[PDB]
RNA sequence: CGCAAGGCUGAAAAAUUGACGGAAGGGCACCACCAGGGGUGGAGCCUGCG
């Protein structure tokens, strides 16, 4: 029983962790790249 | 007899599978139980629900067959393992509990 | 009756989230393409 | 940014503090709030051994990052008035 | 990077040894010795499998 | 065990303030006159169990006769995967017995105003036989939708963000056979913790009551009950307000274990009046009596009357939400906070709250005129344990 | 006295049969990794499904 | 309550909850009546006369 | 000097000066909060003690002894309060170490690791590991010698190997609290080295534990040894020629 | 972001082709006959299952 319970816990925990940090990496990359492209366009105009 | 043939014979005796009766036959029946019968039929024709010995008793003694439900026993023991082992695995490191003396 | 509020008002009130207070074929070229 | 070279800011939250691999870019990144604009940007601490140094709500100076998350533009140069490389090299003690 | 770590970061980790109460049995097999054994045995099994096919 | 309280008035408020300030308490002489069922009530002991589950390091001791308890407080941990649940996102289960008569909102207001000072999130899931989610007759505890759209906007005013509050019912229940009964399950996911609540200023007059929105719920009866209640409420309030809008919700029935039985049939209504000024809202509600079978027209008229009374009475907060906003005011930073009460709104429960704050060690309240302005002095404790990053 | 005394068998790093007492693992509660997927035991819910 | 839908309902008469819908006759159930005296302990018994030539108790 | 866990330390934090004994810990890879035994040189490690609570983000200092005879730099450690809790979850590695007894091609019996079939049936299905890197699994208790067991490994382990099992044992700090009432007088707990120099006990050491140099001979293998029937049966193109 | 996402409601058929049989006649079966053989079941050991 402890084998089954710890396997289920480990699977769900790794799934939740992977999903959350996939979200966080994508969001930070999105915001930073958007600002970098805006600054590149505002710099190329000079 | 086979399982299929015995099951069909039992259902024809129970009247659940018989030929399509007429309105006159329905009147005769309404002029002239099956729940407990059907539960016995499902219990006896799904015999792997419970562990059974084929030889019977070793020495016949007369005075006045299931021998355990492994699925029901496993579900009950798993529920007990829930309420004890999973509970302590959640409260592995938990200090202080309510002291109820009543 | 006219108590039926709105899709928006249901989404504000009967939702799980509590309602915050801080809101108030023209041309031939295109035909051939 | 702005017209300046080094902008000040407040460390809002060390996002990615619970990453597994030690030198991951999400581990190193720090979300800050530029004071001159009140804006939210994200900056890199040069090593996880110095992410240990950066503390929350500290006047953090940051500059450009010229060269795993391509696009983070800023990197942390000073913390609370002390050079961050000197902090990591254990030259000065961080004034709090 | 490579200039962002101290010499104490770069300091090598020592390799433990067989306990002295068990030195008679030979050398303690660590990862490199294990890889040597795996390459040798896999090569011999490969040649024996090709001979069996033949 | 050091600080001393008596009586059973505002029992949960005494427990919650003891937990927040960390001052160990001893409540004696709970039910001394009632020899029939002396000592603790079942909702009170279920509240003790809930607080002990959410906390950590709390040692609660109920005496033999049960007319006196002691409480040494721990810390507000929340649902951490090491100690309270298995996952960081796993709902902590809480079951309360069938012999409960008070409402889940009476269970829930202390949990909500003790939530945002936690370490991790709160994922509390109330199930069990005795979970009534509607209004109760009792001492007139609120309903779930009343509680939500009538006090959680206040946390939104404090800065505890309502985008990350999360409260959802899954089954609805009224009282049922007698005062006991229930069946509905709720769950509550406080995903928003703060360090120090913002001190606030309810001072500007909330004159023009702009709009009125609400809910009419039925659990087990036909939809004609809510529709007649809508006609009642709109016929009473159309003399004054043109935009009254009351949704209708219908749930089949809740099922309770003993071989289940369907319980908790009832019907009720909850009204909210929102002022044009700011987060100022007047709420009222009414539930059918659990064995009466009275007119839904009469219930609509009765609840509209109660709402209009709170309209004519209240300064900026209603009487049911006054203690929560005041204890969060006191939880605020080391500053004065400026609340505008109405003259009719001050209650013996509120005066008892001020007494308990003075006893615990929070500073006092200065009262003046502008309805009357109370100015609280916050202590600035904040959440004790929160992993700073 | 506790600090100068010899450490317990648990707080030592390498515990074996000659070190610890007989059923001290039964006395203790630790955690460890597992391997392989265990076989799904038949339950009444699985059979009914 | 007996309808022409060949079925009857038992309602609780407080809040009007259908205690049970029950279909019991092959045709339209015409008349339904209780027995008034509970002094035998059987006040919750009732007969139903139905157009398929049946009384059901 | 480096500073050991369990050793006393006088903390200056808030207004209070108080001598307590902490438990040092690393946050291994953001998973498990492993317990250390010495602080790492020039690194922020997680300490943990039993004392009075302070709201977080409050910095603080750490001395070892308030004596003037100290020839250098009385201040030992700095830092900031991270959070507070009750019932910490400190975790220390326990290595249950055995030895192979009989070694088949894959399965191997292991002797000096367990004392009874009870303990093995508790640790059934466990993830055992050799020093060489071969993973493996404790599968089933053995019967005739009480305490031995069967493990299934990846590839053939050697009689020179050592089988380890890496479990995580929970450690809880001790709840000591001196107050350092310096104006009135107070008892200062001595450290480890001072205790040993006082009551004349040598520091414990294991000759199995000290680092030494290993002498690795150049591992040469036996040549291929084809079985007789196969070498007789394969065709003429690949028949081995051995004079 | 929008739709999905508003409760005459409150747990336990088709058929011109369909339903169930009966009597006769075949074929197969060490779960059948026939001829023999061998286990288990007696005492002790123990894995396992209930």
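Quick notes on this one:
- Antiparallel %, DSSP beta bridges [both residues in region F:1-72], to 5: 65
- Averaging the Cα positions of each part gives two centres, and for region B:1-49 and region A:1-21 these lie 49 Å apart.
- Relative contact order of region I:1-154, pairs being alpha-carbon contacts under 8 Å that are 6 or more residues apart, as %: 15
- When the alpha carbon gyration tensor of chain G is reduced to an equivalent ellipsoid, the three semi-axes, largest first, read 41, 11, 11 Å.
- Within the protein assembly as shown, percent of DSSP bridges classed antiparallel, to nearest 5: 85
- Mean silhouette area of region F:151-308, derived from the convex hull of its C-alpha atoms and averaged over all directions, reads 11.3 nm².
- With the convex hull drawn over the C-alpha atoms of chain E, the volume per residue is 109 Å³.
- Rg/Rh for chain I, where both radii come from Cα atoms and Rh is the Kirkwood radius: 1.18
- Listed residues I:58, I:31, I:99, most fluctuating in chain I (Gaussian network, C-alpha, under 10 Å): I:31
- Principal axis dimensions, region F:199-262 - Cα atoms, whole angstrom, descending: 57, 38, 12
- Ranking of F:372, I:183, F:341 by neighbouring Cβ atoms within 10 Å, starting from the fewest: I:183, F:372, F:341.
- The label point for residue I:196 and the one for residue I:212, both projected 7 Å from the Cα toward the Cβ, are 2.2 nm apart.
- Average partner coverage of A:23-32, which counts Cβ from other chains inside 10 Å: 5
- Average 1/r across all pairs of distinct alpha carbons in region F:80-137, invert it, and you get the Kirkwood radius: 12.6 Å.
- Treating each Cα of chain H as an identical point scatterer and summing with the Debye formula, the log10 of I(q)/I(0) at q = 0.27 Å⁻¹ comes to -1.08.
- Highest-first arrangement of F:273-280, B:75-82, where packing means the average Cβ count within 10 Å: F:273-280, B:75-82
- Principal axis dimensions, largest first and in whole angstrom, of the protein assembly as shown by Cα: 112, 96, 95
- The distance linking region F:125-196 with region I:16-68 is 42 Å (Cα centroid to Cα centroid, whole angstrom).
- Rounded to 5, the percent of DSSP beta bridges in region I:1-120 classed as antiparallel: 95
- Ordering of D:22-32, G:14-24 by burial proxy (mean other Cβ atoms within 10 Å per residue, highest first): D:22-32, G:14-24
- Highest-first arrangement of F:148-157, F:51-60, B:21-30, where packing means the average Cβ count within 10 Å: F:148-157, F:51-60, B:21-30
- Per residue, the convex hull volume that the Cα atoms of region B:20-90 enclose (Å³): 274
- Counting Cβ atoms of other protein chains within 10 Å of each Cβ in G:33-41 and taking the mean gives 6.
- Using only Cα coordinates, the Kirkwood hydrodynamic radius of region I:60-103 works out to 15.9 Å.
- Unit Cα scatterers, Debye sum, region I:75-174: log10 I(q)/I(0) for q = 0.16, 0.18 Å⁻¹: -0.68, -0.79
- Computed P(r) (all Cα pairs; chain F; 10 Å bins; percent): 5, 23, 32, 28, 11, 1, 0
- Percent of C-alpha pairs per 5 Å bin, chain D, short to long: 3, 14, 27, 26, 19, 9, 2, 0
- Taking region F:83-141 and dividing mean pair separation by its residue count, relative contact order in percent (alpha carbons under 8 Å, at least six apart): 51
- Number of partner chain Cβ atoms within 10 Å, mean per residue of F:239-248: 3
- Footprinting exposure proxy for F:126, F:158, H:23 (fewest neighbouring C-beta atoms within 10 Å first): H:23, F:158, F:126
- Taking every alpha-carbon pair under 8 Å whose residues sit at least 6 apart, region F:29-80 reaches a relative contact order of 34 percent.
- Spatial offset of chain C relative to region F:11-39 amounts to 50 Å, using the alpha carbon center of each.
- Stokes-Einstein D in µm²/s, Kirkwood radius over Cα pairs - region I:5-68 at 25 °C with 0.890 mPa s viscosity: 189
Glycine gets a Cβ as well: all are built from the backbone with ideal geometry, and neighbour counts include every protein chain shown. Computed from the coordinates by the stated procedures, all read-outs in this text should not be read as laboratory data.
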